[PDB]
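Colleague: kindly generate the corresponding structure for this input.
(4 chains, ligands or ions: 12)
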4 protein chains.
Amino acid sequence: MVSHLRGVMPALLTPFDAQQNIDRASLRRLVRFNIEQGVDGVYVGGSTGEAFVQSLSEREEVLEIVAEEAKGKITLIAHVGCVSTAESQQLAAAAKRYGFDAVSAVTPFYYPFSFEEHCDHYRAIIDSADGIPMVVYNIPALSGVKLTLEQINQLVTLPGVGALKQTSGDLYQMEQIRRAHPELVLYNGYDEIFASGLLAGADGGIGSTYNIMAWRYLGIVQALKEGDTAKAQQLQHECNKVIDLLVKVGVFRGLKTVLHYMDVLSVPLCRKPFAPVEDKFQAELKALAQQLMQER
Amino acid sequence: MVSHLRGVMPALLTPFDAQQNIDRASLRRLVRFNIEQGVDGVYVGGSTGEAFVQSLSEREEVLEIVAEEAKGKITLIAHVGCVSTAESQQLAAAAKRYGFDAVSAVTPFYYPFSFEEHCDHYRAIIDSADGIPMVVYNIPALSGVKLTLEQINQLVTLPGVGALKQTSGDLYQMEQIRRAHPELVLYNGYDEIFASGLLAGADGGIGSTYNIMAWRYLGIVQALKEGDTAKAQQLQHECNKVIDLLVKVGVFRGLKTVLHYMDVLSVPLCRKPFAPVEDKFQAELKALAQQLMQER
Amino acid sequence: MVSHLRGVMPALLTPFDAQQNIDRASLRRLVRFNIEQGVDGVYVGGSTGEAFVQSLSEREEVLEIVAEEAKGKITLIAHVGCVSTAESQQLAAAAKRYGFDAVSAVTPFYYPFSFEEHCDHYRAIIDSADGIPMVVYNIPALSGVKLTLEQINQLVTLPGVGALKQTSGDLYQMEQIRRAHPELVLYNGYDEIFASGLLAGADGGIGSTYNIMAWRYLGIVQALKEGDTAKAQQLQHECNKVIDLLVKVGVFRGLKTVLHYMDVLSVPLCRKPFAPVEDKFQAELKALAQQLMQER
Amino acid sequence: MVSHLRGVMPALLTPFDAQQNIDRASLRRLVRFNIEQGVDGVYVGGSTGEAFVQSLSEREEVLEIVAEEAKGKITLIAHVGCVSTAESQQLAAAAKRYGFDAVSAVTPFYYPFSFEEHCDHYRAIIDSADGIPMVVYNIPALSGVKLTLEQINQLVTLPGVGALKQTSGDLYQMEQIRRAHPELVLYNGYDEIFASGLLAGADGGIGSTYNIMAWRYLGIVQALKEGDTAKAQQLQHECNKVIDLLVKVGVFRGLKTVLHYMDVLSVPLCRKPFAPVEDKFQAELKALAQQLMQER
Ligand SMILES: [Cl-]
Ligand SMILES: [Cl-]
Ligand SMILES: [Cl-]
Ligand SMILES: [Cl-]
Ligand SMILES: [Cl-]
Ligand SMILES: [Cl-]
Ligand SMILES: [Cl-]
Ligand SMILES: [Cl-]
Ligand code: NA
Ligand code: NA
Ligand code: NA
Ligand code: NA
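Modeller: Numbers count the residues shown, from 1 in each chain, chains lettered A, B, ... in the order given. Ligands and ions are numbered 1, 2, ... in the order given. This is the structure:
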């Protein structure tokens, strides 16, 4: 009863203005741009949205704006996760008020928590979400949390959990999760292995690079559905040429810079301590924006 | 010109009341209790203070209260670190207003930052600290940040840096830091190796377990100064028997529970997602409080 | 000019008798069994062959026996790798004498070696191989060696290197290697991600579980060639149900036990310190052998 | 009843000649040199002895030569460890024949073994050692084996185990081991933390750098016994200046080069794939040899 959550959803970036304040006008334009890429949903306030250098009120502000542009048109998922359970609950209650279709929360980090503490954290947020489903979000590389398969199985069967965001490159585990849970909504988290992650059992994806080239990932979905192995590989090749460059320049600010050159974002800054893009990369990023716009 | 920062300083816990709100009365009593243990300073708003499940305004509130009880009596160090540079600067400016003697900031975490981004982060906070010195705080285990010796050397020679909080069990690196920087204020971060860390080159310590037994760590300092090898080892043995138990029960909540049984804190709760202490451990923690009070 | 090395090749197990001596008769039967599975080659004396609990003379003995059964019928690859360069060269010269088509060597382990020391190690073995090509074998999980993409690129372009055995679950790196080297023979090393690894750029595989079910992996190759996405996934599912069980029971001894129940190996023991299979797993392993024999 | 195993023992290097063959004459001179440094024992055939690039017969040859020079004069410990249990047993039986006072074995590596497989491995070697005690050797950094405290406790209480070689920088665990086992012979393994490791509970050490400056480590033992904190720290400082240089140049070959400049070893080569020392380091290593000889 949550199959409406399956698909390809950009992890929304949060545009900032020249003084590191939220750029509300560019945020609305980014939502509209992603809708017009034909995505299945948007994922708001995640790591990629620079949530962990924003206050709670800033995160709520972003959630409400995105709901204003996109409620009813595409699926809306609110990443409400903080280290604090009480802070996460406040964002879940807000997401509910604004009409989101699901909430999500990263495994709480920095401090070591027991597995039962993780489960109670999710249970508390689910209660505050007041009837909209929860997406468990697994990103061991950044969170430092290293869950076992059996712990993942317990999380995805918690009452109120409707999906798993699997930000892991271990595609044995992806296949095991799919085999244990054939109906589970299972998002591939690393864009650079999207085609292989779908083959291993994911049925969708949440990704930062979908903000600039969602049609490629939709094309990978279509290629594997149609049985065009070689087209899925060629599309993944092109995605990874782009990801190579983004890793070199810095991923969030590279994506925001490409979006600026596509006339989507007025100002491409990340918040400190992220530095601005080095001048020597600007030509490459502008050429990529031009390439991507022509490819459409 | 910052030798006044050397010594043994508890990493202050933040007392909460039964509804997870700050317990201001127990906070003031905890400051007074630590002063009367004869410590050299207190370290406020660190990891141990549960900073990362508090808002900025809550952290400022704690800083100002502690300064009200302790300014002028002992050294005050404010941990102002957040992921965000701008948030860290706000806390540094506040710490300056409240009369702290130093600020400190954990290496920003969750997101990968370049080393130069780390340095600019520290430079920005130092500027907002408006003339009080900075303590670099290294805790690779929890931050995920794995600095090299040469990067540590560049951080401790940044203008405005007066100390290093070395929360690392690598005592080769402790000795290398001391040999490269003979005048550096160098805090041992892991209480469970305090005696060995002093021998390897630290000249003080910042520790969570000093809140319940600072006299033991002061006694280790005195033993090594006097050349009583065996007394330093026996004191460290007793500290580690306590740390063994705290790890079993959960360190912050175990410390708060011992302080409650010493009539220092009215309520020993941590914030969610930390669970309360299991009932089966209460007898041991109360017996430890009684042991520690008699030992004084 | 080494496209004849592409394909699906079992990592041969080394059968031992009841007293931990090589079982020469069961070895010959295992080679013949693998040939009659329609594999493209066999990979002899690797990790899976328990090379690192055998002497050099025992490894040479196995190489020569396998060449006697299989030279001319299928591709033969000799894993000659040791920590010692001189020991590896002896095995390479032997493999050449016995008529192998390629040699392979794991990155030397236990001791830390510089990257240039690794390259000179490969260069020395290539020289002793006396004109047959080298397969670089990357297994960071077991070797502790963590090569970068640029170092991999330098290894696969060493004169005399004809292939890379990529025993890594990082399928971003698999795709990068393929994109940098479109003609490279690129073996997937983890059987549990075979379908996804082929999609990411591998054009074959070397695997321990091919000894008991090579037709499934050949079927995955055929399915992806034909564009039958769902059949590749179903075959991988069945492989991983088997791999799940093998991990539970111990992989090498589980494989040898299944082969014993298929009447291929007389005795299914590994060498100490590998323990024998626990009695409680025997029913499951015998049922799997019966299932696999009927499936053919 | 194994207190005769406590103390400071060099991890003997194995001298090779110009063609990578064992240099028997320089081996005997190295044993004699170490005896005349006043060490408590010698540790033969360990990692430092380049055991894992030698055959079994080469290791036996080294064991027997060292016993010929040193049996009866100082304690002799034979590192018999291999991955194979049967190979380790052969070396243990040989060590017994040659009159060694103890055997030692690294936790078997490369392949994952269960803890019970590790214990049975030690039990088998102890049986072949035929009444001389076993030293468990823990070096997680190089072995990849990450034992828990409770597993260490089970190993050191196996019948026939008389000591633990603790090659770990975790001095919390060192203290826990000492507190659990007050009579255990407990060797510090990382020379660069020797003083701190003794303070944390070790009562001796086995180290590669003792081959060139054992008197410094004996002086650290004496300083801590006498209560001269500052002298132990100054000696450790000087040791670590040397270790810094050895890490830069390559530790085994740097040590052998210093010994060559002290007229102990005729030829300072390691076996391939270890490269020779770079020419640019020779001046520093010769100056260190001259410094060390004058310091005596
Ligand atoms: Cl936040
Ligand atoms: Cl973190
Ligand atoms: Cl905070
Ligand atoms: Cl945070
Ligand atoms: Cl071997
Ligand atoms: Cl290893
Ligand atoms: Cl050996
Ligand atoms: Cl080996
Ligand atoms: Na949708
Ligand atoms: Na003070
Ligand atoms: Na072939
Ligand atoms: Na002795």
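Colleague: which residues touch residue A:142?
Modeller: A:47, A:109, A:167, B:110, B:111, B:144 (Cβ atoms under 8 Å, 6 or more residues apart in numbering or on different chains). To be clear about C-beta, it is placed using only N, CA and C from the backbone, and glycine gets the same treatment.
Colleague: how about a cut-off of 10 Å?
Modeller: A:47, A:52, A:106, A:107, A:109, A:167, B:109, B:110, B:111, B:112, B:144 (Cβ atoms under 10 Å, 6 or more residues apart in numbering or on different chains).
Colleague: any chance of those residues in CSV, plus secondary structure?
Modeller: Converted to CSV, those look like this (DSSP: H, G, I helix; E, B strand; the rest coil):
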residue, secondary structure
A:47, coil
A:52, helix
A:106, strand
A:107, coil
A:109, coil
A:167, coil
B:109, coil
B:110, coil
B:111, coil
B:112, coil
B:144, coil
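Colleague: now the buried members of those residues.
Modeller: Listed as buried from those are A:47, A:52, A:106, A:107, A:109, A:167, B:109, B:110, B:111, B:144; burial here means 16 or more other Cβ atoms under 10 Å in any protein chain shown.
Colleague: quickly check those for the two that are furthest apart.
Modeller: Farthest pair in the buried ones among the contacts of residue A:142 (Cβ to Cβ) is A:167 and B:109. Separation: 16.9 Å.
Colleague: return the set of buried residues in the helix or strand residue A:179 falls within.
Modeller: Taking DSSP states H and E as the criterion, residue A:179 maps to helix A:171-180. Neighbour counts using 16+ other Cβ under 10 Å place A:171, A:172, A:173, A:174, A:175, A:176, A:177, A:178, A:179 of helix A:171-180 among the buried residues.
Colleague: which bits of the stretch 51-200 of chain A sit near chain C?
Modeller: Residues of the stretch 51-200 of chain A found near chain C (Cβ under 10 Å from any Cβ of the partner chain) are A:149, A:168-176, A:178-179, A:190-193, A:195-200.
Colleague: can we see that at 6 Å?
Modeller: Taking Cβ under 6 Å from any Cβ of the partner chain as the contact definition, the stretch 51-200 of chain A meets chain C at A:169, A:170, A:171, A:172, A:175, A:179, A:192, A:193, A:195, A:196, A:199, A:200.
Colleague: circling back to that earlier point, kindly indicate which of the buried ones among the contacts of residue A:142 lies nearest residue A:273.
Modeller: Distances from residue A:273 to these, taken by Cβ to Cβ, are shortest for residue B:111, at 8.4 Å.
Colleague: how much space between that closest one and ligand 6?
Modeller: Look at residue B:111 and ligand 6: by Cβ to the ion, to the nearest Å, they are 33 Å apart.
Colleague: ok, that residue to residue A:56 distance?
Modeller: Per Cβ to Cβ, to the nearest Å, residue B:111 is found 18 Å from residue A:56.
Colleague: CA atoms of the longest helix along chain A as PDB?
Modeller: Longest helix of chain A, by residue count under DSSP state H: helix A:229-249. The C-alpha coordinates for helix A:229-249 follow below in PDB (Å, rounded to 0.1, in the frame of the first residue of the first chain):
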ATOM      1  CA  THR A 229      21.600  -4.100 -21.500                       C
ATOM      2  CA  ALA A 230      24.000  -2.000 -23.600                       C
ATOM      3  CA  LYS A 231      21.900   1.100 -23.400                       C
ATOM      4  CA  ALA A 232      21.800   1.000 -19.600                       C
ATOM      5  CA  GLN A 233      25.600   0.600 -19.600                       C
ATOM      6  CA  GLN A 234      26.100   3.500 -22.000                       C
ATOM      7  CA  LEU A 235      23.800   5.700 -19.900                       C
ATOM      8  CA  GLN A 236      25.600   4.700 -16.700                       C
ATOM      9  CA  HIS A 237      29.000   5.500 -18.400                       C
ATOM     10  CA  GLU A 238      27.700   9.000 -19.200                       C
ATOM     11  CA  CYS A 239      26.400   9.500 -15.600                       C
ATOM     12  CA  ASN A 240      29.800   8.400 -14.200                       C
ATOM     13  CA  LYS A 241      31.800  10.800 -16.500                       C
ATOM     14  CA  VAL A 242      29.700  13.500 -14.800                       C
ATOM     15  CA  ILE A 243      30.100  12.000 -11.300                       C
ATOM     16  CA  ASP A 244      33.900  11.800 -11.900                       C
ATOM     17  CA  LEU A 245      33.900  15.600 -12.500                       C
ATOM     18  CA  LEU A 246      31.600  16.400  -9.600                       C
ATOM     19  CA  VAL A 247      33.900  14.500  -7.200                       C
ATOM     20  CA  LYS A 248      36.800  16.500  -8.500                       C
ATOM     21  CA  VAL A 249      35.100  19.800  -8.000                       C
END
